[PDB]
Every structure is written in structure tokens, then in C-alpha cells.
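Visitor: Let me begin by handing over the structure; questions about it come next.
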Amino acid sequence: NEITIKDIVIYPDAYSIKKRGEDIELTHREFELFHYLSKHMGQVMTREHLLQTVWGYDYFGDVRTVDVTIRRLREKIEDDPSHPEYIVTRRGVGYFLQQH
């Protein structure tokens, strides 16, 4: 069931989100990553952890695929992706979902 963070509402059944009431097109993988983060609000996740968790344990592609997906998520959901208010980098560690 549905999870609210600031302007954004997550609909796990629908694999989609709305921000200020408006649909944002997310890929399955983008949604799964954002949804995973949102189940663990304010906890820093390493790229390696996010890779195996969201891409699956058999997935050994380059770990930068996590960074590429987070960038796409930021472009889609952030008012200003250079100052993210949802998905925040902890430098040299990982990413987390920054709740209010």
C-alpha cells in the first residue's frame, strides 16, 4: 500500500508515482529502486547493495548502472536535480531517501 514522502506519493501495486498529483513515468527498475529506498527512509544504501537488491542476485553488470538509474530518477522527480531533496548522495558511501 501507498507511501508518502513530501510532494510524492508511491503506488506499489501500480508501479508508479505522482508528484503534486501528477504522474511521473518511471521504468520498472527506477520504480523498484525508488520504492526500495522509500521502505528504508533515511538509511544509506551502498551501490553494491542496491544492485543486487533491485537488479537481482544473478546480476553482475557494472555497478554504475545504479548511478545511471539514480540520475534518471533525479531528472524525473526532482525540482532541481543538482540539489536533490528526495534521493541524496552520501559521498563515498551510497544513496538514501531523505524524508521530512
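Values in this text are rule-based calculations from the coordinates and carry no lab data. Cβ coordinates were reconstructed from backbone atoms using ideal geometry, including for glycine residues, and neighbour counts include every protein chain displayed.
Visitor: Could you look through segment 54-67, keep only residues that are within 20 Å of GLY92 (Cβ to Cβ) and not acidic (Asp, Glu), and pick out the one that is surrounded by the fewest Cβ atoms within 10 Å (Cβ to Cβ)?
Guide: Going through the qualifying residues, I end up with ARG64.
Visitor: Is one or more of the residues making up segment 54-75 in contact with a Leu (Cβ under 8 Å, 6 or more places away or on another chain) and among the basic types (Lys, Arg)?
Guide: no
Visitor: Within segment 2-47, take every residue that is touching a residue at least 12 places away in the same chain (Cβ under 8 Å) and among the polar types (S, T, N, Q) and give me the one that is surrounded by the fewest Cβ atoms within 10 Å (Cβ to Cβ).
Guide: Ranking the candidates gives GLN43 first.
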